[PDB]
Each structure stands twice: as C-alpha cells, then as structure tokens.
Amino acid sequence: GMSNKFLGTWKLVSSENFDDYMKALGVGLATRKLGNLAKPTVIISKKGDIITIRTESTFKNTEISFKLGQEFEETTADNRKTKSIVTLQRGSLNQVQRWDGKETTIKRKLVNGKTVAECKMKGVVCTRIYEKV
Ligand SMILES: CCCCCCCCCCCCCCCC(=O)O
Ligand SMILES: [Cl-]
Ligand SMILES: [Mg+2]
Ligand SMILES: [Mg+2]
C-alpha cells in the first residue's frame with residue numbers, strides 16, 4: 001500500500017537537530033562528528049511485497065528489507081541491533097526500532113515531492129529533508 005512516490009533515490013538536503021538525536025541514541029562524540037558531516041543517499045525500492053531502504057554514505061552504509069507490519073532484525077548505522085517494524089499510517093512510512101528496552105521512531109512522509117524524515121528519541125525530534133534525484 002506504500003505510495004510509489006516513495007520509490008527512488010533521495011539525497012539529504014537538510015538536517016535539523018541530528019546531533020541531539022544521535023546523542024540521545026548514545027552515539028559518541030567522534031561518531032557524531034562524522035554523522036553530522038555525512039550527506040547520505042537513501043534508495044527505496046520494492047520487489048513484490050518486500051521493500052528495501054538502503055542508505056549510502058562515505059562513513060556508513062545500511063540496508064533493510066521488510067514487509068509492512070512484520071518485525072525484522074535490523075543493524076543501524078551506529079551498530080545498534082534492533083527489532084524493527086515499518087508501517088503505513090496516513091501515507092507516512094513509520095519505522096520503529098526497539099533495543100535494550102529503548103525505542104526510536106523514524107517517520108518518512110512526502111511533502112511537496114520531498115521526503116521528510118522525522119526522527120524521535122526520548123522527546124528529541126530531528127528533521128531531515130531529502131530531495132529526489
Ligand atoms: C548514515 C548516516 C549516519 C552516519 C552514522 C552516524 C550515527 C547514526 C545515527 C543513527 C542512524 C540515523 C538514521 C537517520 C534517518 C535518515 O535520515 O534516514
Ligand atoms: Cl557522505
Ligand atoms: Mg537540540
Ligand atoms: Mg544541539
């Protein structure tokens with residue numbers, strides 16, 4: 001049920017409050033330094049019911065494949081091992097990651113042709129805007 005408008009190759013154009021988001025995930029200073037400098041490309045694709053989100057950067061690459069509503073094991077860019085679930089709520093693609101009794105959410109939604117990712121951890125909100133390419 002995912003909008004095919006999500007599908008494509010997307011480039012970060014802006015990021016707000018990423019440091020405090022990373023810090024709340026427990027990312028350490030040197031890694032945050034490089035994370036803040038990174039300008040990743042996110043590639044969303046679909047094969048049958050299986051959706052893939054691939055993030056590419058000089059510093060770290062990541063890739064998850066999933067079916068909506070089906071928990072799956074994830075390795076995040078900061079090397080957290082999580083149980084994740086991705087869902088559709090109101091045209092938004094909502095990812096939840098759980099590990100060690102913690103939880104963070106990344107909500108990706110289409111806004112005037114951009115993908116806007118809202119990343120929440122413990123009341124810290126970070127917003128990152130992606131342009132299709
Ligand atoms: C892949 C760029 C990040 C580089 C590594 C720095 C620490 C990662 C922090 C947690 C993962 C961030 C997820 C951001 C969501 C997004 O914008 O796609
Ligand atoms: Cl980069
Ligand atoms: Mg802040
Ligand atoms: Mg700050």
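Residues take their numbers from the sequence shown, with the count starting at 1.
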Only counting residues at least two apart or in another chain, list the ones meeting side chain to side chain contact (heavy atoms under 4.5 Å, CB included) with [X].
X	result
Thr76	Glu74, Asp78, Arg80, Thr82, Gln97
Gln89	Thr87, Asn94
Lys83	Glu71
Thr31	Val27, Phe59

Notebook entry, point to check: Is the shortest heavy-atom distance from the side chain of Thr52 to the side chain of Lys47 under 4.5 Å?
Noted result: no

Check: Under a 4.5 Å cut-off applied to non-hydrogen side-chain atoms, are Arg54 and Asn61 in contact?
Finding: yes

Note to self: By the side-chain hydrogen bond (donor to acceptor under 3.5 Å, both in side chains) test, which pairs, at least two apart or in different chains, include something from residues 108-124?
What the structure shows: none

Item checked: Residues forming a salt bridge (charged side-chain N to carboxylate O under 4.0 Å, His left out) with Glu131, sequence neighbours excluded -> none

Note to self: Quick one, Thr58 with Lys39, criterion side chain to side chain contact (heavy atoms under 4.5 Å, CB included). Give me CA distance, side-chain angles, the key distance, then yes/no.
What the structure shows: CA-CA 9 Å; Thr58 293; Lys39 264 166 167 124; over 6 Å; no

Next item on the list: List in chain and number order the residues that pass side-chain hydrogen bond (donor to acceptor under 3.5 Å, both in side chains) with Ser14, two or more places apart in sequence or in another chain; answer none if no residue qualifies.
Entry: none

Next item on the list: Might you work through the side chain to side chain contact (heavy atoms under 4.5 Å, CB included) test for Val116 and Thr127, ending with a clear yes or no?
Entry: CA-CA 7 Å; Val116 175; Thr127 306; 3.8 Å; yes

Rounded to the nearest 0.5 Å, what separation is found between the [atom1] atom of [X] and the [atom2] atom of [Y]?
X	Y	atom1	atom2	result
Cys126	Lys23	SG	NZ	13.0 Å
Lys67	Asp49	NZ	CG	5.0 Å
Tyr21	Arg128	OH	CZ	9.5 Å
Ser92	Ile106	OG	CD1	13.5 Å
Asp20	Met121	CG	CE	12.5 Å

Item checked: Shortest non-hydrogen separation from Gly8 to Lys132 and the atoms involved -> CA-NZ, 4.0 Å

Checklist line | Donor-acceptor under 3.5 Å (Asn79 side chain, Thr75 main chain) | finding: no

Notebook entry, point to check: Apart from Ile85 itself, what residues make up its hydrophobic cluster when side-chain heavy atoms of I, L, V, M, F, W and Y under 4.5 Å apart count as a link, directly or indirectly?
Noted result: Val96

Notebook entry, point to check: Apart from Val86 itself, which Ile, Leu, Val, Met, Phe, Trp or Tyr residues share its cluster (side-chain heavy atoms under 4.5 Å, direct or through members)?
Noted result: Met2, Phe6, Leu7, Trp10, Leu12, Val42, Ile44, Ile51, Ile53, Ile64, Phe66, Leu68, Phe72, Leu88, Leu93, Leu110, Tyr130

Next item on the list: Could you name each residue pair satisfying salt bridge (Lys or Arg N to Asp or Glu O under 4.0 Å) that touches residues 92-107, not counting sequence neighbours?
Entry: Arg98-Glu103, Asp100-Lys102

Notebook entry, point to check: Could you give all pairs that pass the salt bridge (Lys or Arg N to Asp or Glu O under 4.0 Å) test and reach residues 2-18, with sequence neighbours left out?
Noted result: none

Next item on the list: Provide the full list of ring pair (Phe, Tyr, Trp, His ring centres under 6.0 Å) pairs with a residue in residues 77-103, sequence neighbours left out, each pair given once.
Entry: none

Note to self: For a side chain to side chain contact (heavy atoms under 4.5 Å, CB included) check, start with the C-alpha distance between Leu25 and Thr104, then their side-chain angles and the critical distance, and finish with the verdict.
What the structure shows: CA-CA 8 Å; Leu25 301 167; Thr104 190; 4.0 Å; yes

